[PDB]
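> Provided herewith: target_21.cif, mmCIF, C-alpha atoms.
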data_start
#
loop_
_atom_site.group_PDB
_atom_site.id
_atom_site.type_symbol
_atom_site.label_atom_id
_atom_site.label_comp_id
_atom_site.auth_asym_id
_atom_site.auth_seq_id
_atom_site.Cartn_x
_atom_site.Cartn_y
_atom_site.Cartn_z
ATOM 1 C CA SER K 3 -22.680 -9.707 -8.232
ATOM 2 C CA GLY K 4 -21.151 -7.879 -11.184
ATOM 3 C CA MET K 5 -22.610 -4.374 -11.315
ATOM 4 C CA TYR K 6 -20.558 -3.124 -8.364
ATOM 5 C CA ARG K 7 -17.741 -5.671 -8.622
ATOM 6 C CA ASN K 8 -16.877 -5.035 -12.284
ATOM 7 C CA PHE K 9 -17.693 -1.321 -12.550
ATOM 8 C CA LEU K 10 -18.751 0.885 -9.629
ATOM 9 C CA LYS K 11 -15.821 -0.062 -7.373
ATOM 10 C CA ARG K 12 -13.364 1.251 -9.979
ATOM 11 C CA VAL K 13 -15.194 4.589 -10.269
ATOM 12 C CA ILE K 14 -14.979 5.205 -6.517
ATOM 13 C CA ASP K 15 -11.298 4.260 -6.752
ATOM 14 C CA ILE K 16 -10.655 6.735 -9.584
ATOM 15 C CA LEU K 17 -12.651 9.622 -8.104
ATOM 16 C CA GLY K 18 -11.415 8.977 -4.569
ATOM 17 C CA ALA K 19 -7.777 8.855 -5.645
ATOM 18 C CA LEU K 20 -8.241 11.941 -7.833
ATOM 19 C CA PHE K 21 -9.933 13.868 -5.019
ATOM 20 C CA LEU K 22 -7.374 12.787 -2.413
ATOM 21 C CA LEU K 23 -4.486 13.570 -4.780
ATOM 22 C CA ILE K 24 -5.729 17.137 -5.263
ATOM 23 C CA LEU K 25 -6.573 17.355 -1.550
ATOM 24 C CA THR K 26 -3.052 16.547 -0.309
ATOM 25 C CA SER K 27 -1.191 18.098 -3.260
ATOM 26 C CA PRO K 28 0.478 20.912 -1.237
ATOM 27 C CA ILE K 29 1.804 18.317 1.211
ATOM 28 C CA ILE K 30 2.956 16.171 -1.729
ATOM 29 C CA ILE K 31 4.914 19.027 -3.316
ATOM 30 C CA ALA K 32 6.287 20.082 0.080
ATOM 31 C CA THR K 33 7.448 16.531 0.854
ATOM 32 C CA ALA K 34 9.129 16.126 -2.547
ATOM 33 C CA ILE K 35 10.859 19.504 -2.147
ATOM 34 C CA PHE K 36 12.293 18.607 1.263
ATOM 35 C CA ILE K 37 13.480 15.195 0.043
ATOM 36 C CA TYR K 38 14.991 16.774 -3.085
ATOM 37 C CA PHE K 39 17.237 19.182 -1.174
ATOM 38 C CA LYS K 40 18.031 17.204 1.999
ATOM 39 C CA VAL K 41 17.726 13.487 1.148
ATOM 40 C CA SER K 42 17.933 12.639 -2.550
ATOM 41 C CA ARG K 43 17.144 14.391 -5.813
ATOM 42 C CA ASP K 44 15.412 11.184 -6.952
ATOM 43 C CA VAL K 45 12.709 11.749 -4.313
ATOM 44 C CA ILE K 46 10.595 8.789 -5.468
ATOM 45 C CA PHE K 47 11.457 5.090 -5.462
ATOM 46 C CA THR K 48 9.347 2.220 -6.757
ATOM 47 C CA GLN K 49 8.531 -1.214 -5.336
ATOM 48 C CA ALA K 50 7.811 -4.197 -7.587
ATOM 49 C CA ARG K 51 4.952 -6.280 -6.156
ATOM 50 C CA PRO K 52 2.409 -8.706 -7.637
ATOM 51 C CA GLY K 53 -1.054 -7.310 -8.266
ATOM 52 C CA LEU K 54 -4.183 -8.227 -10.211
ATOM 53 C CA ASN K 55 -3.756 -11.697 -11.734
ATOM 54 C CA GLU K 56 -0.316 -11.704 -10.034
ATOM 55 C CA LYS K 57 0.918 -9.113 -12.556
ATOM 56 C CA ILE K 58 3.930 -7.180 -11.279
ATOM 57 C CA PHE K 59 3.709 -3.406 -10.838
ATOM 58 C CA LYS K 60 5.839 -0.698 -9.233
ATOM 59 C CA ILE K 61 4.538 0.875 -6.014
ATOM 60 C CA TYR K 62 5.387 4.570 -5.740
ATOM 61 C CA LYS K 63 6.719 5.894 -2.434
ATOM 62 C CA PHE K 64 8.810 8.818 -1.226
ATOM 63 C CA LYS K 65 12.498 8.179 -0.558
ATOM 64 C CA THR K 66 13.312 8.688 3.132
ATOM 65 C CA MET K 67 16.838 7.317 3.604
ATOM 66 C CA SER K 68 19.847 9.094 2.155
ATOM 67 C CA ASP K 69 21.994 7.550 -0.577
ATOM 68 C CA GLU K 70 25.147 7.870 1.538
ATOM 69 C CA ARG K 71 28.078 5.501 0.977
ATOM 70 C CA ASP K 72 31.080 4.344 3.008
ATOM 71 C CA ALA K 73 34.831 4.491 2.597
ATOM 72 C CA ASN K 74 34.455 1.053 0.983
ATOM 73 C CA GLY K 75 31.023 1.696 -0.588
ATOM 74 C CA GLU K 76 28.766 -0.759 1.302
ATOM 75 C CA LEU K 77 26.251 1.900 2.516
ATOM 76 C CA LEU K 78 26.055 2.957 6.142
ATOM 77 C CA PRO K 79 23.836 0.970 8.513
ATOM 78 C CA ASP K 80 20.220 2.102 8.462
ATOM 79 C CA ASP K 81 20.826 3.921 11.763
ATOM 80 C CA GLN K 82 22.896 6.771 10.296
ATOM 81 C CA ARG K 83 21.231 7.240 6.895
ATOM 82 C CA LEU K 84 17.751 8.073 8.278
ATOM 83 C CA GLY K 85 17.661 11.533 9.838
ATOM 84 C CA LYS K 86 15.117 12.873 12.302
ATOM 85 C CA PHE K 87 12.966 14.557 9.650
ATOM 86 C CA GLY K 88 13.033 11.393 7.547
ATOM 87 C CA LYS K 89 11.519 9.470 10.451
ATOM 88 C CA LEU K 90 9.017 12.307 10.893
ATOM 89 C CA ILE K 91 7.958 11.918 7.257
ATOM 90 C CA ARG K 92 7.647 8.165 7.837
ATOM 91 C CA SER K 93 5.777 8.684 11.115
ATOM 92 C CA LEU K 94 3.175 10.976 9.525
ATOM 93 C CA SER K 95 2.881 8.471 6.633
ATOM 94 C CA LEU K 96 3.719 11.261 4.182
ATOM 95 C CA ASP K 97 6.044 8.924 2.274
ATOM 96 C CA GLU K 98 3.043 6.637 1.651
ATOM 97 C CA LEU K 99 1.078 9.288 -0.264
ATOM 98 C CA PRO K 100 2.377 8.517 -3.833
ATOM 99 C CA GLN K 101 0.383 5.273 -3.657
ATOM 100 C CA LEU K 102 -2.725 7.361 -4.405
ATOM 101 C CA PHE K 103 -1.391 7.487 -7.969
ATOM 102 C CA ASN K 104 -1.159 3.687 -7.886
ATOM 103 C CA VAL K 105 -4.846 3.597 -6.920
ATOM 104 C CA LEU K 106 -5.719 6.134 -9.625
ATOM 105 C CA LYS K 107 -3.952 4.330 -12.488
ATOM 106 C CA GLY K 108 -5.513 0.934 -11.733
ATOM 107 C CA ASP K 109 -2.583 -0.766 -9.990
ATOM 108 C CA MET K 110 -4.468 -0.883 -6.691
ATOM 109 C CA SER K 111 -7.883 -0.284 -5.134
ATOM 110 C CA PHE K 112 -8.725 1.677 -2.004
ATOM 111 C CA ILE K 113 -9.872 -1.567 -0.351
ATOM 112 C CA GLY K 114 -8.078 -4.807 -1.150
ATOM 113 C CA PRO K 115 -5.368 -7.260 -0.112
ATOM 114 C CA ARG K 116 -1.985 -5.997 1.008
ATOM 115 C CA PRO K 117 0.718 -6.005 -1.712
ATOM 116 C CA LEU K 118 3.286 -8.572 -0.580
ATOM 117 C CA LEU K 119 6.633 -9.785 -1.876
ATOM 118 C CA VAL K 120 6.994 -11.589 -5.191
ATOM 119 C CA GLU K 121 8.747 -14.418 -3.323
ATOM 120 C CA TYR K 122 5.450 -15.701 -1.890
ATOM 121 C CA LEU K 123 3.841 -16.370 -5.291
ATOM 122 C CA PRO K 124 4.972 -20.029 -5.687
ATOM 123 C CA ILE K 125 4.286 -20.675 -1.986
ATOM 124 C CA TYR K 126 0.561 -19.859 -2.162
ATOM 125 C CA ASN K 127 -1.670 -22.922 -2.405
ATOM 126 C CA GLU K 128 -4.658 -23.311 -4.737
ATOM 127 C CA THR K 129 -6.912 -21.553 -2.225
ATOM 128 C CA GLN K 130 -4.569 -18.754 -1.129
ATOM 129 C CA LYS K 131 -3.632 -17.900 -4.738
ATOM 130 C CA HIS K 132 -7.133 -16.436 -5.179
ATOM 131 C CA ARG K 133 -6.103 -13.353 -3.165
ATOM 132 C CA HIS K 134 -4.767 -11.932 -6.453
ATOM 133 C CA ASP K 135 -8.169 -12.231 -8.153
ATOM 134 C CA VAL K 136 -8.748 -8.587 -7.119
ATOM 135 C CA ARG K 137 -6.582 -5.489 -7.025
ATOM 136 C CA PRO K 138 -4.506 -4.911 -3.876
ATOM 137 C CA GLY K 139 -5.578 -2.225 -1.451
ATOM 138 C CA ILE K 140 -4.344 0.458 0.901
ATOM 139 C CA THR K 141 -6.665 -1.141 3.470
ATOM 140 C CA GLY K 142 -8.623 -4.363 3.392
ATOM 141 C CA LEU K 143 -10.364 -7.151 5.245
ATOM 142 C CA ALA K 144 -7.061 -8.426 6.656
ATOM 143 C CA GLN K 145 -5.638 -5.033 7.671
ATOM 144 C CA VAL K 146 -8.608 -4.154 9.888
ATOM 145 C CA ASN K 147 -8.598 -7.612 11.539
ATOM 146 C CA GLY K 148 -5.137 -7.319 13.096
ATOM 147 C CA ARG K 149 -4.984 -9.257 16.361
ATOM 148 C CA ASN K 150 -1.284 -8.986 17.315
ATOM 149 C CA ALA K 151 -0.574 -12.374 15.743
ATOM 150 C CA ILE K 152 1.307 -13.299 12.571
ATOM 151 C CA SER K 153 -1.027 -15.999 11.233
ATOM 152 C CA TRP K 154 -0.352 -15.639 7.508
ATOM 153 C CA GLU K 155 -2.839 -18.414 6.716
ATOM 154 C CA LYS K 156 -5.641 -16.557 8.512
ATOM 155 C CA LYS K 157 -4.679 -13.312 6.781
ATOM 156 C CA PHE K 158 -4.910 -15.297 3.543
ATOM 157 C CA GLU K 159 -8.254 -16.719 4.680
ATOM 158 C CA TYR K 160 -9.528 -13.149 4.983
ATOM 159 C CA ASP K 161 -7.906 -12.319 1.632
ATOM 160 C CA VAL K 162 -9.571 -15.188 -0.241
ATOM 161 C CA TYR K 163 -12.978 -14.619 1.361
ATOM 162 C CA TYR K 164 -12.805 -10.951 0.356
ATOM 163 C CA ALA K 165 -11.951 -11.700 -3.282
ATOM 164 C CA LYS K 166 -14.856 -14.159 -3.479
ATOM 165 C CA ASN K 167 -17.487 -12.105 -1.639
ATOM 166 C CA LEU K 168 -16.801 -8.523 -2.755
ATOM 167 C CA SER K 169 -19.854 -6.386 -1.982
ATOM 168 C CA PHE K 170 -20.698 -2.712 -1.637
ATOM 169 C CA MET K 171 -21.888 -3.632 1.871
ATOM 170 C CA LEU K 172 -18.553 -5.278 2.630
ATOM 171 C CA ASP K 173 -16.587 -2.308 1.276
ATOM 172 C CA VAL K 174 -18.548 0.086 3.498
ATOM 173 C CA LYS K 175 -18.015 -2.321 6.404
ATOM 174 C CA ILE K 176 -14.258 -2.288 5.760
ATOM 175 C CA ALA K 177 -14.270 1.509 5.446
ATOM 176 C CA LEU K 178 -16.059 1.906 8.785
ATOM 177 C CA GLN K 179 -13.743 -0.670 10.361
ATOM 178 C CA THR K 180 -10.779 1.306 9.011
ATOM 179 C CA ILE K 181 -11.838 4.692 10.406
ATOM 180 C CA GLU K 182 -12.815 3.023 13.680
ATOM 181 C CA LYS K 183 -9.396 1.336 13.604
ATOM 182 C CA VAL K 184 -7.665 4.740 13.508
ATOM 183 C CA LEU K 185 -9.793 6.091 16.367
ATOM 184 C CA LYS K 186 -7.477 3.982 18.552
ATOM 185 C CA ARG K 187 -3.694 4.289 18.702
#
Using the file provided, produce a representation of the structure as structure tokens.

Amino acid sequence: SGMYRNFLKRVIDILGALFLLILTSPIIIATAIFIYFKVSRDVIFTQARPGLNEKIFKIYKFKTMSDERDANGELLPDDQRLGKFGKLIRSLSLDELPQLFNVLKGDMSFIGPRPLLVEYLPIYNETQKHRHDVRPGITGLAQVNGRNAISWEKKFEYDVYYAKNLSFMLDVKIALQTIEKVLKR
């Protein structure tokens, strides 16, 4: 290919992220306000993950757990630092919204491999390393093919096949498989 792989896919990523950022902007400001006054005035925390050509970038996400400490300082267990409304924000995936800015700025695509830990970079073999030949995605070929089994090698098989055979057909197929995925629980 080339015409869609090297150009048109990025435009849909930019416009889509820009449209969705303006579309959910009241919810974004509302979420940040609640977190500011009841969780943490830092609101946003970043996540360093490998991306295109394995280059590290920070993933933006809303902070949901408090920054509470202990009499000795070792933080409370995760049970007591995550209130009911924090779980509600997590449940509605509102904390995930800042990643639209990641998609907009080029860190990620709308459809692509899942951003995983930096630890796995030396573990990937010569075939699985190719999953970083494309930008990571909010959804992708591996996310829609979940079969209640943790076969990392088969997830990586889907990842490598996607990076090699990126098509406008395939992207539409993933998009339909993603909305049909959410029609179920």
> Excluding residue K:82 and residues on its chain fewer than 2 positions from it, collect all residues at most 10 Å away from it, counting only C-alpha atoms, and give them as JSON, numbers by chain.
{"K": [67, 68, 70, 77, 78, 79, 80, 84, 85]}
> Which residues fall under the PyMOL selection byres ((chain K and resi 146-155) around 12) in this file, as number ranges by chain?
K: 113-116, 118, 122, 125-127, 129-131, 133, 139-145, 156-162, 173, 175-184, 186
> Mind dumping a table of every stretch 127-181 of chain K residue within 9 Å of stretch 42-63 of chain K, with the nearest atom pair and its distance in Å to one decimal, using all atoms listed in the file, sorted by chain and rising number, as CSV?

residue,atom,partner,partner_atom,distance
K:131,CA,K:56,CA,8.8
K:132,CA,K:55,CA,8.8
K:133,CA,K:54,CA,8.9
K:134,CA,K:54,CA,5.3
K:135,CA,K:55,CA,5.7
K:136,CA,K:54,CA,5.5
K:137,CA,K:54,CA,4.8
K:138,CA,K:53,CA,6.1
> I'd like the neighbourhood of residue K:11 as a PyMOL selection string, where a residue qualifies if any of its atoms comes within 9 Å (using all atoms listed in the file), though same-chain residues fewer than 5 positions away should be ignored.
chain K and resi 5-6+16+111+170+173
> Generate the output file for the selected residues, C-alpha atoms, as a tab-separated table (two decimals), keeping the file's coordinate frame.

chain	number	residue	atom	x	y	z
K	5	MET	CA	-22.61	-4.37	-11.32
K	6	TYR	CA	-20.56	-3.12	-8.36
K	16	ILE	CA	-10.66	6.74	-9.58
K	111	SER	CA	-7.88	-0.28	-5.13
K	170	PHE	CA	-20.70	-2.71	-1.64
K	173	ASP	CA	-16.59	-2.31	1.28
> Report, in Å with one decimal, the straight-line distance from atom CA of residue K:17 to atom CA of residue K:33.
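For atom CA of residue K:17 relative to atom CA of residue K:33, the distance reads 23.1 Å.
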> Enter the distance from atom CA of residue K:14 to atom CA of residue K:172, in Å, rounded to one decimal.
14.4 Å
> In Å, with one decimal, what is the gap from atom CA of residue K:64 to atom CA of residue K:34?
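Between these atoms lies a distance of 7.4 Å.
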> For the file shown, report as a list in words the outcome of the PyMOL selection byres ((chain K and resi 29) around 12) at residue level.
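Written out, the selection comes to residues 22, 23, 24, 25, 26, 27, 28, 30, 31, 32, 33, 34, 35, 36, 91, 94, 95, 96, 97, 98, 99 and 100 of chain K.
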> Write a file of the just-selected residues containing C-alpha atoms, as a CSV table (one decimal), in the coordinates of the input.

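Dumped to result.csv:
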chain,number,residue,atom,x,y,z
K,22,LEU,CA,-7.4,12.8,-2.4
K,23,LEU,CA,-4.5,13.6,-4.8
K,24,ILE,CA,-5.7,17.1,-5.3
K,25,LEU,CA,-6.6,17.4,-1.6
K,26,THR,CA,-3.1,16.5,-0.3
K,27,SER,CA,-1.2,18.1,-3.3
K,28,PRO,CA,0.5,20.9,-1.2
K,30,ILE,CA,3.0,16.2,-1.7
K,31,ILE,CA,4.9,19.0,-3.3
K,32,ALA,CA,6.3,20.1,0.1
K,33,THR,CA,7.4,16.5,0.9
K,34,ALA,CA,9.1,16.1,-2.5
K,35,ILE,CA,10.9,19.5,-2.1
K,36,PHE,CA,12.3,18.6,1.3
K,91,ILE,CA,8.0,11.9,7.3
K,94,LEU,CA,3.2,11.0,9.5
K,95,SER,CA,2.9,8.5,6.6
K,96,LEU,CA,3.7,11.3,4.2
K,97,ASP,CA,6.0,8.9,2.3
K,98,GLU,CA,3.0,6.6,1.7
K,99,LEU,CA,1.1,9.3,-0.3
K,100,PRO,CA,2.4,8.5,-3.8
> Residues within 9 Å of residue K:3, please, as a ChimeraX atom specification. Count only C-alpha atoms; anything in the same chain fewer than 5 positions from it doesn't count.
/K:8,167-169
